[PDB]
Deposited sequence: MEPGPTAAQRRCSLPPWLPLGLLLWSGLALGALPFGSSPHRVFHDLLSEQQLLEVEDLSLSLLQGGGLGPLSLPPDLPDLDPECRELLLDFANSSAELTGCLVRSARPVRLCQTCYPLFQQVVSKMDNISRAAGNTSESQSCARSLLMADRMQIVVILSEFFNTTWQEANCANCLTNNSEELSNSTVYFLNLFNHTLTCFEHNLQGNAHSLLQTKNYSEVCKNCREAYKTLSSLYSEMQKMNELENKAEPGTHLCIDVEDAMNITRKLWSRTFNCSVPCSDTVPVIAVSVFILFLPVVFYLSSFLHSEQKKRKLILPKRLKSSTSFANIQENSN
């Protein structure tokens, strides 16, 4: 028999084995970076390796390895990695060179670390909410600014997610800041809001009653 159907063609055996460990290393790195998420800052070497190896395996082995059967493992695995990469939306957090993290991304993690270490020495949560607020506000302001840059430089769609690692890092701070540290900002607007609202809601009562009483006698 020809060495294509029953057994591997030698020129395609090492290319498939190249995809085997490269996809194995990407899968291993994806899981280890899952919680807390560091996906597209730690798995970005292992992901471009998979894409390049698939590119190198597909344009005499592309015909026999991609569409050679019903269950195209190589194609669907590349589809899964591409879907995971795009759903994480870290193409917007990497430069056009894509060789490393962008300056905006690197700026976010280090002051996220600055905020996290600022939280650390203020425990020993009254102290944490007192002085470690400006660090939190600039972290929150940068997140909105980075979101705005995604809405102009990328101009994709309102509400578009950033890279998951940046979004996760912001979430951990928010859960720490608002659910455990219980840093809350009191508001004294209740009385002025009640007075203004009550006055406005009393206007239709006066208008309808005065219109009724005016027509009661000419």
Stretches with no C-alpha position, numbering per deposited sequence from 1 | 1-72, 132-140, 206-216, 311-334
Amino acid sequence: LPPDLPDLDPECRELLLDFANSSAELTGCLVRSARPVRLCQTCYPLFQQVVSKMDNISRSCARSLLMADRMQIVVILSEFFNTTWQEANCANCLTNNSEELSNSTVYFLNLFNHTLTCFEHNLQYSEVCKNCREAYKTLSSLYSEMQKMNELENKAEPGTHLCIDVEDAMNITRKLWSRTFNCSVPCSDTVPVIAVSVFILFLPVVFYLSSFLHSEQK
From here on, numbers count along this sequence of modelled residues.
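In this text, rigid core is short for the largest set of C-alphas that superpose within 1.5 Å between two forms.
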How do 178-186 and 62-70 compare in 5 other deposited structures of this protein: which one has C-alphas farther from this form after the rigid core is matched?
-> 178-186
Higher-deviation stretch (C-alpha RMS, rigid core fit) in 5 other deposited structures of this protein, choosing from 187-195 and 49-57 | 187-195
Coordinates lacking for residue 35, a third or more of other entries | no
Of the other PDB entries compared that resolve residues on either side of residue 149, does at least a third omit it?
-> no
